[PDB]
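Read off the chains here:
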Amino acid sequence: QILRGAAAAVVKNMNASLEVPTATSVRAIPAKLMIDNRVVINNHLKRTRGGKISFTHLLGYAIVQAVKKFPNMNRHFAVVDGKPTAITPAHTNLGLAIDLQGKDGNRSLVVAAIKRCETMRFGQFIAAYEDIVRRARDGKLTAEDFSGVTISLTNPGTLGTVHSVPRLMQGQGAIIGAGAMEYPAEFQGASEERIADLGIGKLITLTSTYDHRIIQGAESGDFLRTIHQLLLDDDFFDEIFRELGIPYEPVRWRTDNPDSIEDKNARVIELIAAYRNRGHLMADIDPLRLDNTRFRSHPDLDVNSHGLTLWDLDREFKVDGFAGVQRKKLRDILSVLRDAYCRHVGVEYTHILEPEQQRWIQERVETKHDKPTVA
Amino acid sequence: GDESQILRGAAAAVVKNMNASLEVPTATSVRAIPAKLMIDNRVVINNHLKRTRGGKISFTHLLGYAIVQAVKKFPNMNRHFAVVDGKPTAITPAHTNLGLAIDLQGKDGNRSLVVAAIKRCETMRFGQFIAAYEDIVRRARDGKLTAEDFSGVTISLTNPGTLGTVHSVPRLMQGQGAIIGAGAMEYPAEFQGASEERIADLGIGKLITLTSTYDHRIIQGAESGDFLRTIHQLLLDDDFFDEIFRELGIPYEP
Ligand SMILES: [Ca+2]
């Protein structure tokens, strides 16, 4: 029997949080949208100025914006002079489960709080998140950071745990348990080609244990619905792409096109030629970004218009000699065309009458060109 | 830190009730039931009722009725723990009064969530049950509920699945033996992206994640686990729908 010392502080907090009558609302959200959008976000950031967006960045941001819609989710129950008074904090401080691997292997799990989140845009939020991350990683966190957690987030889904029912400490209104973003247990045995061909996508089991003294089942149930609406919304990703300097149209949650691969093939062939004819019309060649509508005012380049969805992204199409390969996945086809035409080099080569000249430019444009040497 | 602490008045009653539920040791049994049967049967029920005499059956009508008939099979599900003169005595109520989560949208938008009770459910057929349900609904909607309606809830039912919340782990209040949390009747998250023509061609159906949080001082995991199994047997049974069609004046085979 070893007496607890530093961990005894954690033990007393579990006993203190026992007076809190909690309940838990659980909901599954299809994540196939933010997965396929992260694909573009981290590729575009890597090819321009660095930076990497993780799934928690999007998750925490949606939590913060949903807190604005539901005010009682930030508040926490308290008793002042024998009165049932509920504290309404000025700043919505998102607590994070940051596991600091110590000097002798001691995994010191801390709750760092990103403060003044309600007064932030996607850029300001991820800047304050990465400050709290860079400083926690190098042990430079002040004691003031740990004081002020009004609402928090945990990720038991890191270890593959589908969903959890967390225990809520005093001082908080609710704590969101983000589940395991993955394919369900039954599908784990089938081939990827089988799954994408039917239209089954990965999902996150988002839980929300809340204080039942102040927050009631309807408010917490609607709070999780609101987060679901954001994670599958179009304006949410429109705002995120604007803040990340991405001028291109983000992926939209579209339900599978029930057409055959033969029917879809001629659409994909035609879309390739459409990107070759007017790749320059939707490229980021204006350094001043004066006309922001040039990126969205083109249906001949919009994939959703050509009878295609994010589900068709992983399917093979008989693209006759596109990137040399006679067969290619849709997400590979749209990535070659993005980097070749819609990046910073608009190409008008289709209007030339000599054929070998078009063939020549096609090879020198539709290839993943090597990044120049540091010299 | 620039905060506003408001003293609770009417809501303070709700706060002190959440404290009383702290002494009730609760555990929750969760079970998913394919609802494709009651969905396709509701299709016929509301079409036949519309073409003959009016009336509309909602999914909660069928759900509450099955809860009431399952309570007859398991008696310990209606009972609630109590202490009389320092003795562990369990109350066995005479009438099984099903609690309803009725959200009354008030005068200034104030959604006053009440717990009305359909009484003497054990002595009822499908017709008598839905008549007593619609009386409690029509009167709650127009603020004509007596204080006598709220006193007597022996077993309650909540619907977090209204807002799309897959399943919930509710908090059980004192005076109730068990409270059932009806999940969201829908297709799972993964399938949400595929076409309807794809789904029906394979044979995948909608489902409801029915939860059951109970008082561990009297009810045990096996009884609550079997209670939910019994409800599932009913929601996919043939005689259950045969009885309902008889009570609704539908002569055709369900
Ligand atoms: Ca499943």
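Every chain's residues are listed with numbers counted from 1 in the order the sequence is written; these need not match the entry, and residues without coordinates are not shown. Chains carry letters from A onward and ligands carry numbers from 1 onward, assigned in written order. Only a portion of a larger assembly is shown here, and every reported value applies to that portion alone. In computing side-chain properties, one takes all heavy atoms of the structure into account and sets aside hydrogens as well as water. Residues with missing side-chain atoms are left out of burial classes, side-chain pairs and their counts.

The name the PDB entry assigns to chain B is Multifunctional 2-oxoglutarate metabolism enzyme, from the organism Mycolicibacterium smegmatis MC2 155.

As named in the PDB entry, chain A is Multifunctional 2-oxoglutarate metabolism enzyme, taken from Mycolicibacterium smegmatis MC2 155.

Where helices and strands are cited, they refer to DSSP runs of H or I of at least four residues and of E of at least two residues respectively, numbered from the N terminus. What chain B contains, in helices and strands, is seven helices and 10 strands. Over its C-alpha atoms chain B spans a radius of gyration of 20 Å, differing by no more than 12% from the 18 Å that the globule rule assigns to 254 residues. Along the longest, intermediate and shortest principal axes, the C-alpha atoms of chain B span 55 × 50 × 40 Å. Here the analysis covers contacts within chain B between residues at least 6 apart in sequence; of these, 67% occur between residues at least 24 apart. All radius of gyration figures rest on C-alpha atoms, and the globule criterion is 2.2 Å times the number of residues raised to 0.38. Contact criterion: two residues are considered in contact whenever any of their non-hydrogen atoms come within 4.5 Å of each other.

Below, the discussion takes up the interface of chain A and chain B. Residue-level contacts link 45 residues of chain A with 33 residues of chain B. Looking at the side of chain A that touches chain B, the elements that each hand over two or more residues are β1 (22-30), β3 (84-87) and α6 (217-231) of chain A. The nonpolar class holds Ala, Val, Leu, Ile, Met, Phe, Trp, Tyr, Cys and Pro. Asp, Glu, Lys and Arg form the charged class, and all remaining residues, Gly among them, are polar. Residue composition of the side of chain A that touches chain B, grouped by class: 23 nonpolar, 14 polar and eight charged. Pairing of β1 of chain A with strand β8 (residues 167-169) of chain B, which is carried by three bridges, proceeds in the antiparallel orientation. When the bridges of β8 of chain B are listed, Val26 of chain A appears paired with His167 of chain B. Strands were regarded as paired on the criterion that DSSP finds at least two bridges between them.

All names here are of chain A. A fitted line through C-alpha atoms represents every axis, and for helices the fit uses only the stretch in contact; the resulting angles, taken between N-to-C directions, go from 0 to 180 degrees. Two numbers describe how helix α3 (residues 55-69) lies on α6: the axes approach to 9 Å, and their chain directions differ by 130°. Taken together, the axes of α3 and α6 lie oblique to each other. Handedness of the α3/α6 crossing: right-handed. Contacts from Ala62, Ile63, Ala66, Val67 and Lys69 of α3 reach α6 at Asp222, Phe223, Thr226, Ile227, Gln229, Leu230 and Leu231. Broken down by class, the residue content of the contact of α3 with α6 amounts to eight nonpolar, two polar and two charged. In these notes the angle categories are as follows: under 35 degrees is roughly parallel, over 145 is roughly antiparallel, 65 to 115 is roughly perpendicular, and the rest is oblique. Crossings are classed by handedness, with left-handed meaning an anticlockwise turn of the near helix from the far one by less than a right angle and right-handed meaning a clockwise turn.

For the calcium ion, the full set of protein donor atoms is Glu186 of chain A (OE) and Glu190 of chain B (OE), and the range of their distances to it is 2.9 to 3.0 Å. Of this pair, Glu186 of chain A sits in the loop between β7 (174-177) and α5 (192-198) while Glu190 of chain B sits in the loop between β9 (178-181) and α5 (196-202), placing the two residues on different chains. Assessed through its relative accessible area of 56%, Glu186 of chain A is described here as exposed. As a rule, N, O and S atoms within 2.8 Å of a metal are its donors, except that Na, K and Ca use 3.2 Å; water is not among the atoms, so sites may look incomplete. Burial classes follow relative accessibility: with a 1.4 Å probe on protein chains only, a residue under 20% of its type's maximum area counts as buried, one over 50% as exposed, and anything between as partly exposed.

Our focus in this paragraph is unusual backbone geometry. Residues and elements named next belong to chain B. The phi torsion at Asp2 lies on the positive side, around 55°, for a residue other than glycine. Tracing the backbone shows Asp2 in the segment before β1 (6-7). Its relative accessible area of 70% is what places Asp2 among the exposed residues. Phi is positive for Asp85, which is not a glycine, with a value near 60°. Mapped onto the elements of the fold, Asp85 is located in the loop between β3 (80-83) and β4 (88-91).

What follows covers the sheet that holds strand β2 (residues 76-79) of chain A. Pairing in this open sheet of three strands is antiparallel, and the strands run β2(A)-β3(A)-β1(B) from one edge to the other. Both edges of this open sheet fall to β2 of chain A together with β1 of chain B, since each of them pairs with a single strand only. Sheet topology places β3 of chain A next to β1 of chain B; two bridges connect them, and they run antiparallel. Residue pairing in the sheet places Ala86 of chain A in a bridge with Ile6 of chain B of β1 of chain B.

On to a negative patch on the surface. Residue and element names in this part refer to chain B. Patch definition: residues with relative accessible area over 30% and no salt bridge; like charges joined within 9 Å; nonpolar side chains (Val, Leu, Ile, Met, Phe, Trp, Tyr) joined within 5 Å. Here the Shrake-Rupley method, with its probe set to 1.4 Å, supplies the accessible areas, and only the displayed protein chains count as covering residues. Criterion for a salt bridge: a side-chain nitrogen of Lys or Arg within 4 Å of a carboxyl oxygen of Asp or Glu. All tallies of charge rest on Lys and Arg as positive and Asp and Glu as negative; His and the ends of each chain are not included. Charge positions are represented by NZ for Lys, CZ for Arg, CG for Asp and CD for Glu. A cluster of acidic side chains, namely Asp238, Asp239, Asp242 and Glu253, defines a negative patch on the protein surface. With respect to the element layout, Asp238 can be found in the loop between α6 (221-235) and α7 (239-247). On the basis of relative accessibility, which here comes to 57%, the residue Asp238 falls in the exposed class.

All names here are of chain B. With their axes 12 Å apart at the nearest point, helix α2 (residues 36-50) and α7 run at an angle of 15° to one another. Taken as axis vectors, α2 and α7 run roughly parallel relative to one another. α7 is crossed by α2, and the crossing has right-handed handedness. Every residue of α7 that contacts α2 at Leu37, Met38, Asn41 and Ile45 is listed here: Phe241, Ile244 and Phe245. Counted by class, the contact of α2 with α7 contains six nonpolar, one polar and no charged residues.

This part is about the environment of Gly201 of chain A. Counting through the fold element by element, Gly201 of chain A comes out in the loop between α5 and β8 (203-211). Take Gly201 of chain A: its relative accessible area is 1%, and that puts it in the buried class. Not counting the four nearest positions on each side in its chain, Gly201 of chain A is found in contact with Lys32, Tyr183 and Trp311 of chain A together with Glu190 of chain B.

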